[PDB]
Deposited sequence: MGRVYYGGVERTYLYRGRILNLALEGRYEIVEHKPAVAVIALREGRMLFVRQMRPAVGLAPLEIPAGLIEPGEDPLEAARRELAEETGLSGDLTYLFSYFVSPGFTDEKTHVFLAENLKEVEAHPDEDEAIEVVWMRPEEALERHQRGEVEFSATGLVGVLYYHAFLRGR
């Protein structure tokens, strides 16, 4: 376990042959209101475009997943709600340890980059047409809706 770089949101290490990127865990929030899912978009320099995502962010020190979810929902959309843990996933276990905890948000109330309310069916249609790209969180949100929220 030799480190080649220790940055702000990630560290680059090596375990003999495997290249490993240590990354802070994250959260994502699925929220549906009047048939529209709460998507967000922001410039993502790593990909050069703004994919359709859902409120999400890194868990801060001292924070647990639930608290981070509450914070990201409020900071990115100015909303609060009743949160329920759904499931988790490793974004790409072949090279990074980033783990994402997904929550469902209900009974949204306004308490205070781009907020994109859109029907999941439309988000899927646009993607299939090549009009918009998805982040893992965005796709998970869309599939979750089609599977359990209709």
property	result
Missing residue ranges, deposited sequence indexing starting at 1	1 to 10, 123 to 130, 169 to 170
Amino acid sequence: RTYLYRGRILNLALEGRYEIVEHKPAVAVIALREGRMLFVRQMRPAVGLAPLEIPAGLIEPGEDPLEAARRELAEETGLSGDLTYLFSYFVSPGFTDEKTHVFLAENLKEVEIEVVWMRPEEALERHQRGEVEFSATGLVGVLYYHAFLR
From here on, numbers count along this sequence of modelled residues.
| item | value |
| --- | --- |
| Mean temperature factor over C-alpha atoms, higher-scoring stretch between 120 to 128 and 66 to 74 | 120 to 128 |
| Segment of higher mean CA temperature factor, 131 to 139 or 15 to 23 | 15 to 23 |
| Residue with maximal Cα B-factor (values as given in the PDB entry) among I59, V102, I113, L32 | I113 |
| CA B-factor ranking of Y145, expressed as a third of its chain | lowest |
| Modelled-residue ranking by C-alpha temperature factor, third containing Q42 | middle |
| Cα B factor band for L83 (lowest, middle or highest third within the chain) | middle |
| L52 by Cα B-factor - lowest, middle or highest third of the modelled chain | lowest |
| CA B-factor placement of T96, once the chain's modelled residues are sorted into thirds | middle |
